[PDB]
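One line per chain: the protein sequences are A and B, in this order. Each residue of the first sequence is one higher than the last, beginning at 28 in our numbering. Each residue of the second sequence is one higher than the last, beginning at 117 in our numbering. Don't be surprised by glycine CBs; every beta carbon is placed ideally from N, CA and C. Below: one structure, written as structure tokens.
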Amino acid sequence: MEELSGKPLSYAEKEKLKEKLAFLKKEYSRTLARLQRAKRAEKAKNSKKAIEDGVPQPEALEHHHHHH
Amino acid sequence: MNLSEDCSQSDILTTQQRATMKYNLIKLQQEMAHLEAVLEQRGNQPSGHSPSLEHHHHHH
């Protein structure tokens, strides 16, 4: 299910590898997905295919910039 | 394509959300490659990044 990344790491090294790099990998693909989906849908309502997203953690960044 | 004719594709994901998504994915990918590199090669010794999220529990 999970992948055992980090064999020769001590308690703190391994703590920081898992928790930091998993949070960063998640929010990378997460924020990317949220905005990419919003982009394509709003320009033209297209037939969406696949996304691994499931449990939402109240996440939005719906802001606007004066057009210049 | 027929059903989806478009639109104003320049600003849809807003110019604010453009600079936003750039600086977001930038900090996320820089901390990805650089912090891992420093951690697995040098043991997180010269960085020592314990931010504040030390809430790493599963079964106490």
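_Spatially closest choice to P83 (chain A) from A:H95, A:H91, A:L62 and A:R57, by CA coordinates_ = Position 56 of the first sequence holds residue 83 (chain A). Checked all of A:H95, A:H91, A:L62 and A:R57; the closest Cα to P83 (chain A) is A:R57.
_Within 8 Å, do at least three Cβ pairs link the stretch 158-175 of chain B to the stretch 132-142 of chain B?_
no
_Is it buried or exposed, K43 (chain A), if we count other Cβ atoms within 10 angstroms and call 16 or more buried?_
Start at 1 with the first residue of the first sequence, and residue 43 (chain A) comes out as number 16. Classification for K43 (chain A): buried.
*asked:* On the CB-based measure, 16 or more other CB atoms within 10 Å of its CB, does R158 (chain B) come out buried or exposed?
replied: In the second sequence, the residue the question calls residue 158 (chain B) occupies position 42. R158 (chain B) is exposed by the Cβ-count criterion.
*Taking only the alpha-carbon atoms, compute the straight-line gap between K47 (chain A) and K53 (chain A) and give it to the nearest angstrom.*
The count along the first sequence starts at 1 and reaches residue 47 (chain A) at position 20. The count along the first sequence starts at 1 and reaches residue 53 (chain A) at position 26. Approximately 10 Å, taken between the alpha carbons.
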